[PDB]
């Protein structure tokens, strides 16, 4: 949930997942940085296609957070924010009210939660002989995409300078563009799910 208005032990720890098979200033920096597979194939299963890409998107965000993880600590980022207009909250026990947490605690919990869904055989069948549950796209895929977006939002609004230092602007913008086009093709994310990055999506998408 969304609230709209030298210690290293507690930074985000990356983990790769095995394959399934103000805002105006921020956006101008993003576009200026550049100067320095979406459709379901015919005969292919939609759930499988969406499952494949959901694990792939997790892995791109894992690689991108991992590149800057030493710059995001509970002292640099005491709240999970995407500018001062958006704060994102985490519920530690399911069905309980979400709370304010530092950005790396948030990212850690969220990413480990995604891996727990990928690793759950009743959600993501790990054999050819398994099936997907009813409501898979709405009940599993959509919540995962909505949450992974919040990680992109924190990176762009609070760590873009570091991404630029490492020359990862094009990899970041390419991943995000593919994430947003994929969500559009299947109506997984709507304009409101983009929060502070709406203009970015308007520019990058096309």
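Positions refer to the first chain, counted from 1.
What does the record say about the segment between residue 5 and residue 6: how many deposited residues are without coordinates (none, 1 to 3, 4 to 9, 10 or more)?
Gap between residue 5 and residue 6: 10 or more unmodelled residues.
Report, from the record, the number of residues in the deposited sequence between residue 192 and residue 193 that have no coordinates, as none, 1 to 3, 4 to 9, or 10 or more. Nothing is missing.
Item to complete: Averaging only over Cα atoms, indicate whether 137-145 or 66-74 has the higher B-factor in the PDB entry.
Response: The entry gives the higher C-alpha B-factor average to 137-145.
Item to complete: May I ask you to compare 169-177 and 22-30 by their mean CA B factor in the entry and name the higher one?
Response: The stretch with the larger mean CA B-factor is 22-30.
Which has the highest CA B-factor per the PDB entry: 83, 102, 115, 126?
Across 83, 102, 115, 126, the entry lists the biggest C-alpha B-factor for 126.
Going by the CA temperature factor in the entry, name the top one among 42, 53, 159, 150. Top of the list by C-alpha B-factor: 42.
Note to self: Is residue 184 in the lowest, middle or highest third of its chain when residues are ranked by C-alpha B-factor?
What the structure shows: As the PDB entry reports it, the C-alpha B-factor of residue 184 lands in the highest third of its chain.
_Chain-wide C-alpha B factor ranking for residue 164, given as lowest, middle or highest third_ = CA B-factor rank for residue 164: middle third.
Worksheet item: C-alpha B factor of residue 106, ranked within the chain: lowest, middle or highest third?
Response: As the PDB entry reports it, the C-alpha B-factor of residue 106 lands in the lowest third of its chain.
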